[PDB]
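One chain comes next, on its own, written as structure tokens: the form deposited without the named molecule.
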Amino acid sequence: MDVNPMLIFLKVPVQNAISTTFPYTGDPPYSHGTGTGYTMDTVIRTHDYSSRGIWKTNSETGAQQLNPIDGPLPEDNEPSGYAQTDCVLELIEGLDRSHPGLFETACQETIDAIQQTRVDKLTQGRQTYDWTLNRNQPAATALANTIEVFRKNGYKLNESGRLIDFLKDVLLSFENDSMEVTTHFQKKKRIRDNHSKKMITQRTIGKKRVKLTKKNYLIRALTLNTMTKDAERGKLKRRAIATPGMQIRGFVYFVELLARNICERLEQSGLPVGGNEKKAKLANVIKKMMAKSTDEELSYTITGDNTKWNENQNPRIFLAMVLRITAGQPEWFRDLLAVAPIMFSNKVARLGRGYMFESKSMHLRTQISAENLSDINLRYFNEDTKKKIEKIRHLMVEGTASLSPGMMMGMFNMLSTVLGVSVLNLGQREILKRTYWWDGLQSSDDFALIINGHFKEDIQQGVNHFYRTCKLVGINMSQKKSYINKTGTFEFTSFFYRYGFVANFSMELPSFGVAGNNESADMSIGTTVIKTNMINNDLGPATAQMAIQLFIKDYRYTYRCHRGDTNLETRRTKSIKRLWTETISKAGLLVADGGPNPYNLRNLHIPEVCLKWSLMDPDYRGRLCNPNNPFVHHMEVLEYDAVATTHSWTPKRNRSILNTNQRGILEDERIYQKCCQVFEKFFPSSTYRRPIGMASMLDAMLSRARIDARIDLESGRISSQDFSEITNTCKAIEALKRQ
């Protein structure tokens, strides 16, 4: 009797037990080493799906650029990047005719939000390729480096503090024939280690002012940094994602804001929606495509993926789309929204970290970078990398490959959704006036397509019309991973619809473990995570109860805070048992103090200190909620009384790098922190609400200090000697400011 779980599908339907087809309990696949190979794979695939385009040499970067659009039509079912401009413009014009006032209201809201957007909006989101350091930094760090390099040169429009003046400075900085940057350099010494007694190389990373050229600065400003996407499910082989820079991020924000304004008013778009909103949209399109009139109206549904979605959409098609949507609009708005497709059409790809090479006689290994991969013989590579470098050698410009056609993963998701929705919108009944008509739903690349007709030959004609119209605009439907059946069961972005019943499996189920901040924060975050997965992601009640039990078990293990009546004897169990013995009401001790678990399904929305407050001892609640506690940081007025518990402590932080001295580059973060602390000394509401002002920090602080001295003098709360001391200190600070 050999056991087979798939025979469970003999009794229950597949959509009722589809969760067995998601092996999401083990570790997802990770990439080891560099991502140069996946980058060169993407470059070669993008230039091979477009190879019948026109080759030009960029007058500004010197990079070879391939232009596939308005080229020869495809002759086979391979992925092709020959999108037609007139067909794209016809589809956008038909989308405008179908939705009157959509483009006008979306462009109006985009103009309303351009003039009311700070530079701080670029401090939010994912990490950014810092062109100063040739690495990836966080968003605020790379933005501060960009603003510092701009204002050390003659570009200070960003002192206005709004995004469009920063973008004006970005476009103005391309004229600088010698940009002055502050790059991290490295000194190397050889030191014997005192523990292992081995000769290591101590690296001291400092700073150094370098002078880029116009060409080098433009190559760095057009660079997308590529790296391998790790921890991705559902795939056998890895792929490369890319991060943009700082010169392109605000323009991409404005274009994606426009396209987000478009896609919210479209019924056939699955972006930007949530967990149950997508289910309601699936039910809406199945409802609207099941209005039978005659005796037999056939209705079929394609569950469709697209093959090589980002490799085939050109930025010039996005330029034509963003110039057609912004029609009848001011020219500053059209140019500002058109900058980002121009930057993506002239873009370049940083090829990762290089490759590891190995000498088997000297028994050494060396990581040689992607810039060093040009002046090295082809005999030292393996076969795949030699083929890659032979195919990519004509595209290299100063360590980077020119990726002029195609996009990268996750740059314009909503604009590509707009193009797919325009293809879906072509197939209405009295627009086509045909024997078939299609509706459906469009994500970034996934789609569901309902085609109604009178005969199955009309269904086939509609599938062929949709497929060839997609091939006209550079969209390639995956024939291997799409299928078609009658309407009633389908799949859209791991949502499985069967006769009304929708199964959501778009999100991986979390571990429901400890978050890792402190004790009270992890308790609150864990109960909130269980509650939000119950509300949004269809988590069943018994699974949520077992999730509470697994979270309490992992929480009690991690912080070593098992109950007082337990037989486990950890490092903290003696003090916890001493607290357990002298406590009268044991139900009021927190879980971090050895108390019982109060939580269930009904009180997940209530914090633990509030939940056990009536059960606490008076002495225990006085000690736990003592406002003079030494674990939480106190801010001065003497300091204020704390209103947090003693379990909101701070873990010991460690950001050290092996054999790396980086105190020469870590000083500026501490200086920025001290400046923000003394500004919050002078202004009590700089951390409750963000302060505004084009004046300097020192000017604002001195202007506050003089007027507070004068008000305290005129109210009698200060003497004239302290007033004169404050005013003489402000005069001395102003004299050192001007000198």
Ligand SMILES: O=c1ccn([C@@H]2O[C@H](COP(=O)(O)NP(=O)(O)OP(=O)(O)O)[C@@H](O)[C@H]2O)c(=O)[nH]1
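Sequential numbering from 1, following the sequence displayed. We call the rigid core the largest set of C-alpha positions that still match within 1.5 Å between the two forms.
Another form exists, deposited with the named molecule bound; not displayed. Remarks below refer to it.
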4.5 Å heavy atom contact, residue 99 and the named molecule in the deposited complex
no
Using heavy atoms and a 4.5 Å limit, would one call residue 239 a contact residue for the named molecule in the deposited complex?
yes
4.5 Å heavy atom contact, residue 155 to the named molecule in the deposited complex
no
Although the partner isn't part of this model, could you tell me whether residue 307 comes within 4.5 Å of the named molecule in the deposited complex, counting any heavy atom of the residue?
yes
Would you mind picking the one in 444, 346, 134, 243 that has a heavy atom within 4.5 Å of the named molecule in the deposited complex?
444
Can you work out which of 114, 320, 409, 397 has a heavy atom no more than 4.5 Å from the named molecule in the deposited complex?
409
Among 69 to 77, 409 to 417, 283 to 291, 211 to 219, the region lying within 4.5 Å of the named molecule in the deposited complex by heavy atom distance
409 to 417
Mind listing which residues of 124 to 144 have a heavy atom within 4.5 Å of the named molecule in the deposited complex?
none
Where among 33, 62, 28, 684 does the Cα move by 2 Å or more between the shown form and the other one after the core is superposed?
684
Determine, after fitting the two forms on their core, whether residue 201 shows a C-alpha shift of 2 Å or more between the shown form and the other one.
no
Exceeds or equals 2 Å, Cα of residue 606 between the shown form and the other one, core fit:
yes
Note yes or no: does the Cα of residue 51 move by 2 Å or more between the shown form and the other one after the core is superposed?
no
Considering a change of 3 Å or more, are the Cα atoms of residue 505 and residue 239 closer or farther in the deposited complex than here?
farther
Would you mind telling me if residue 452 and residue 293 are closer or farther apart in the deposited complex than in the shown form, C-alpha to C-alpha, with a 3 Å or larger change?
closer
